[PDB]
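>
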Amino acid sequence: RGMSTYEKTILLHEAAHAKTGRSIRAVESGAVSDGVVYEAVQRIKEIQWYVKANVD
Amino acid sequence: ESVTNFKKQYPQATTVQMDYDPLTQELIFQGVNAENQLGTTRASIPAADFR
Amino acid sequence: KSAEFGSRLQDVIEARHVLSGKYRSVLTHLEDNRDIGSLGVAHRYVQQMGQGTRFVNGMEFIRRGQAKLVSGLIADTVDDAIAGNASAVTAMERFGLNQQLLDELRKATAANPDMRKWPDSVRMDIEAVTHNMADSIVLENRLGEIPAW
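Residue numbers (the entry's author numbering), protein chains in the order written: chain A, 373 to 427, 446; chain E, 654 to 704; chain B, 967 to 1115.
1) Between E:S655 and chain F, is the shortest Cβ-Cβ distance under 8 Å, so that the two count as touching?
2) Excluding sequence positions up to five away, which residues of its chain have a Cβ less than 8 Å from the Cβ of E:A700?
3) Can you pull the chain B residues whose beta carbon is under 7 Å from the beta carbon of residue 431 of chain A, in chain order?
4) Measure from the C-beta of B:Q1032 to each C-beta in chain E and report whether the shortest distance is under 8 Å.
5) Looking only at its chain, what residues have a beta carbon closer than 7 Å to the beta carbon of B:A1008, apart from the 5 residues adjacent to it on each side?
6) Kindly identify the DSSP beta-bridge partner or partners of E:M671.
7) Between which two residues does the beta strand (DSSP E) holding E:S697 run?
8) In chain order, what residues of the segment 1065-1099 of chain B put their CB closer than 8 Å to some CB of chain A?
9) Quick check on DSSP: helix, strand or coil for A:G407?
10) What's the gap between the Cα of A:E379 and the Cα of A:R373?
11) I need the DSSP call for B:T1075, collapsed to helix, strand or coil.
12) In whole angstroms, what separates the C-alpha of B:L1039 from that of A:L384?
13) Hey, is B:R1020's beta-carbon within less than 8 Å of any beta-carbon in chain E?
14) Quick one, which residues of the segment 674-695 of chain E are near chain B if we go by CB-CB under 8 Å, in chain order?
Given below as structure tokens:
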């Protein structure tokens, strides 16, 4: 309650880093082959590779 | 609901098999063929929402 | 039979470019970082075959057979790209090559064709490029299919 409206939106913006908890699980064999997330990680890694040649 | 969705996604599947994965608390569906052979279709559902 | 390709297929079967020398990093990474569950064929037969030890004991043999073939294929298709085959270069770059690495690789290979190992200047880049490729093929090829690229 003792926070301005602007700050408490940055609080959610930084909480959007939840990916790290999920990027790790797809590097370790925690999310073995579960769809959706397993495919999203692969097609983010593909884009990561692409930018090097053309432009962890 | 889960069975209807699974059959809607994969019309070619004739039979369905169910299995439980204790390590991640997960329920798994998979299509099966004769001669105890298994297909390529698969699905996953957490136990919390089922309960 | 063709003299244009038979020699290279023989080398890929015999694993002569993979067991020692430049490219053994790929075989080391694949050998002791994956399990029988990665074959795909393991799932398709766990119930016809008697689900016992004779299944798991046998599947390791097939793992260690397949890893060498995959590594040999990668090793062949990298040297082909360095040779000049444009169609291979435009597929190599899918995993991160760029003119800077390729120019230096071509320069290095010309000075000394023996190359028991890569130079320290460019080791850590081409090494990572190959490892990215090795992972992708295992995922798309599970069913026994030819990926589009």
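Beta carbons are placed, not taken as given, at the ideal position from N, Cα and C, and that holds for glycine.
Quick answer:
1) Absence of chain F from the displayed structure is noted, the protein chains being A, E and B.
2) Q678, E679, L680
3) Missing here is residue 431 of chain A: after 427, the next number in chain A is 446.
4) no
5) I1002, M1025, listed in sequence order.
6) E:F682
7) 691-699
8) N1098
9) coil
10) 11 Å
11) helix
12) Approximately 47 Å, taken between the alpha carbons.
13) For B:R1020, the nearest beta carbon of chain E is not closer than 8 Å to its own beta carbon.
14) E688, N689, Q690, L691, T693
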